[PDB]
Each structure stands twice: as C-alpha cells, then as structure tokens.
Amino acid sequence: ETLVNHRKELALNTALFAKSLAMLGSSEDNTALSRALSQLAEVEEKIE
Amino acid sequence: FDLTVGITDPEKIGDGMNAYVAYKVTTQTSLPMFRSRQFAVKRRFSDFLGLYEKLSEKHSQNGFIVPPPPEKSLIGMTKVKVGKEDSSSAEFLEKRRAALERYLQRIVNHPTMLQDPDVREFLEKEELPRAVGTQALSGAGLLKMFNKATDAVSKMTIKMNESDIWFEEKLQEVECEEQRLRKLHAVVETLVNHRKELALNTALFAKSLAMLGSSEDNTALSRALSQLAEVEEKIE
Amino acid sequence: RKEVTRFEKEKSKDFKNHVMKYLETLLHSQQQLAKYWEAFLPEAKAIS
Amino acid sequence: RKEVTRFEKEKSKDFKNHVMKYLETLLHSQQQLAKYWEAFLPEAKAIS
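Residues numbered from 1 in each chain as written, not as in the entry; some residues may be left out. Chains lettered and ligands numbered in written order. Part of a larger assembly, values for the part shown. Heavy atoms only, no water.

The PDB entry annotates chain C as Sorting nexin-1 originating from Mus musculus. The title assigned to this entry in its PDB record is "Structural insights into membrane remodeling by SNX1".

Chain B goes by Sorting nexin-1 in the PDB entry, where it is assigned to Mus musculus.

Shown next, in the form of structure tokens:
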C-alpha cells in the first residue's frame, strides 16, 4: 500500500522531469545541451 | 592558477546548533605573491566568516558580487532552502564542504580581484583570524530596509533609461528563473521526501529474503534471490 | 493428506511461478538494460 | 559590463560543470552498468 501511495507520484515526478526541459526552454537555448537533455528525457522515460 | 585544497581537521567545539570547525585548507597557487609556495592553513568557522563579510561589504561598496560561503548568523539560519542549522554538525558537513569548495572556486573565478593582498595573506596564514567575526550588528539593517522601501517607490522613472536595454533580459530571466526554481526545488523537496523511503523499501526488499527464509528453502531459488539482493543494492 | 500434498506441490509450483517472475525480471532487465544501454553507447562515445 | 560578462563566462563555466556532471553520470553509468552487468552475464548464462 505504501508502494501504491508513492510510485504514482514518482511517475508524476518523472513527468515533471520531462517538463523541466520546457523549463530549460524558458532559459538559455544551446543545442549541445538540448540534445543531452532530450536524450535524458527518453532515458528517464525508459527507466520509469 | 593552482587550487587543490584538502578539507580536514574536524575540530568540534559544540554539537548541534552551528558547529564551528577549524578545518584544514591546503593552500596552492605558488605564484610569488604567495610567500612559502607550499603551505596549508586551518580556518576556524567562527573566525573568518565575519571578516570575510566585512571584506564583502568593502568590495560591495565599490561594487562586486560575493561568493556564498557556508552560511551562518542569520544568513544560514533564515531560509537558505529550508533551514536547520542544527543539522550542520555531523551529517551536512559534506554539504558544508561542497558549498565551501564552490565558494573557493568562485574566489578563484574573479582573477581581476584575485590580487587582493589582505585576504591572500589571511588565507595564507593560520593565525586564528580575528574571532570577533561572529556578530550581530544589524543597525544598518533597518536602514537598508527603509532604503529598499524608498527604492520600491522611486525605481520606475530611472528604469526608463538606457538601463532598460540592459535590464529587460535580466527581468525576463529572473521571472522565468523564480518560476523554474520554485518548481525545481519543489521537486527537490519531494525527492528528499520519497527517495529515503525508497531506500527503506530496498532494505525491505532485502528483508523479504528472510521472509522467504520463513518459507520453502530451495537453494536454486536462494542463489537467485541472494544474487538479486546485491543487484538491488547496487541499483539503490 | 491429498490436499496438503497438493499444497506442497502447489506451493512449489507458485513459488516457482513468482521466482521465475523474479528471474524473468532479471532476464528482461538483462536484455532491456543491455539493448538500450548499448544503444546509448554510441551517443555516449559521441556527444549526447 | 565586467561583472555581467563575468556572469556569461561563469554561467558557461558552471553550466559546463553541471552538464559535465550529467555526462559524468552517463560515463559512470556506462562503465558501472557495463561492468556489473557483464559480471551478471555468466550467472545469467548459468543459473542465477
């Protein structure tokens, strides 16, 4: 039951990890950084 | 130039609220402004912070930024991110060391203001540097409070100058910055909330093998689950 | 005797089922982790 | 001008620092994941 409690908000935290890339889009836009973070997006989605 | 320090010597005098440590600093940069070319100093956490904030006031009145040290005395007590100066004794010493060497690298990061002889000689020696630095002398505090209250009324017409051409970028990024740091460090506090109980869940995953020891004992199953033990410990 | 020997063989059977779920987690973890980390290998040997 | 050009070079420097922390996470993830999953490989090709 604690797993049912916190794994869902963990998945929501991974969704907010993805939305942190739009938060980086609200900042300096370098394509070398952008490829790394967009690659980390599908990394953390595979892990989740 | 050269900055390779060794943070050692946990000289604890009090435990709990704002522990003070005379910690080792291995002082590199053997340039001829540095006299002995090979020396290591101790830095007492009650001593050099107040004198460094005095020097920070000095290079603030001619105009520069400060590198943030490990903070205390109403700076490290009032909403750094949460607080808890009681925790700066035994466990957040690594946080103190981390932000300490961030502070040291940012000291290196002003090479035009790196040629300041007094702070170089103070970090060059281990002299118990002037222990009156732990202070409470905020008589200028309310002064700059009503100065801020006056500036919040009278900033508007001066914003319309050539200052706007240089400040619109900083205003846009500080609005986007406070939004993204609000969201990001809220994610960080939820991470502090649930990663610890996740580690406890991995500990209960290990204790589930004793729960399997309270069941059928087959060695082919036991090797697999004992291998999964160190698997999940490596992953955790 | 019949139903408790059914319980020992059924406990053996579904202990084998969840333990083959555990080693199946090990197996799909092995092949998934292997395949996408070797897919991440060229973009780790290059810029990410 | 001096301190904001210091801010652009310092932002470049510590953006490089946390991005080299990201690709350092990629690097130690690569070598750790590689070494203990190839250590798990013989006990995956045998009984675990």
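So much for the structure itself; the text now carries on.
Chemist: Hey, could you go over the overall build of chain B for me, with residue numbers and the actual values?
Modeler: Per the secondary structure count, chain B includes seven helices and two strands. Ordered by position in the sequence, the α and β elements of chain B form the string β-β-α-α-α-α-α-α-α. Taken over the C-alpha trace, chain B has a radius of gyration of 25 Å; the compact-globule value for 236 residues is 18 Å, which it surpasses by more than 25%. Each of the three principal axes of chain B carries a C-alpha extent, and together these read 80 × 50 × 35 Å. Looking at chain B as a whole, 24% of its 236 residues are labelled buried. In chain B, the proportion of contacts linking residues at least 24 apart, taken out of those at least 6 apart, comes to 63%. (Helix = DSSP H or I, 4+ residues; strand = E, 2+ residues; numbered from the N terminus. Rg over C-alpha atoms; globule rule 2.2 N^0.38 Å. Buried < 20%, exposed > 50% of the residue type's maximum accessible area, 1.4 Å probe, protein only. Contact = heavy atoms within 4.5 Å.)

Chemist: Account for the interface of chain B and chain D, with residues named and values stated.
Modeler: Contacts between the two partners involve 12 residues from chain B, matched on the other side by 13 residues from chain D. In total, about 1,300 Å² of surface goes out of reach between chain B and chain D, with carbon and sulfur atoms giving 59% of it. Applying the counting criterion to the chain B and chain D interface returns zero salt bridges. There are three residue pairs in polar contact connecting chain B and chain D. In terms of residues, the side of chain B that touches chain D owes the most to one element, helix 7 (residues 219–235) of chain B, which gives eight residues. (Buried area = accessible area lost by both parts, 1.4 Å probe. Salt bridge = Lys/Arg side-chain N within 4 Å of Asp/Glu carboxyl O. Polar contact = N/O pair within 3.5 Å; in protein donor to acceptor, adjacent residues only side chain to side chain.)

Chemist: Before we move on, could you go through the packing of aromatic side chains and cite the residues and values that matter?
Modeler: The tally for this structure, following the rule as stated, stands at nine aromatic pairs over all chains. Seen in terms of ring centroids, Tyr 20 of chain B and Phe 45 of chain B are 5.9 Å apart; in terms of plane orientation they differ by 40°. Their pairing is tilted. Separated by 25 residues along the polypeptide, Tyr 20 of chain B in the segment before strand 1 (22–27) and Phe 45 of chain B in the loop between strand 2 (39–44) and helix 1 (48–61) bring together distant segments of the chain. Among the residues examined, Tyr 20 of chain B registers a relative accessible area of 22% and is labelled partly exposed. You can call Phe 45 of chain B buried: its relative accessible area is 5%. Taking 6.5 Å as the distance between ring centres and 40° as the angle between the ring planes, the aromatic pair formed by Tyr 36 of chain C and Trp 37 of chain C counts as tilted. Of the aromatic side chains, those joined through ring pairs into one cluster are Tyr 36, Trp 37 and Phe 40 of chain C. Residue placement shows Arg 96 of chain B over the ring face of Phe 45 of chain B; its charged tip is 4.5 Å from the ring centre. Here the basic side chain of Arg 1 of chain D rests over the ring of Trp 166 of chain B, its NZ or CZ set 4.1 Å away from the ring centre. (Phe/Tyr/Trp six-rings, centres within 6.5 Å; stacked < 30°, edge-to-face > 60°. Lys NZ or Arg CZ within 6 Å of the ring centre and 35° of its normal.)

Chemist: Can you break down the pattern of salt bridges residue by residue, with the values?
Modeler: Residue and element names in this part refer to chain B. Counted according to the given criterion, the structure contains 11 salt bridges over all chains. The partner of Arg 102 in a salt bridge is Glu 101, and the shortest N-O contact between them spans 2.3 Å. Given the relative accessible area of 47%, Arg 102 is considered partly exposed. A relative accessible area of 28% means that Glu 101 is categorised as partly exposed.

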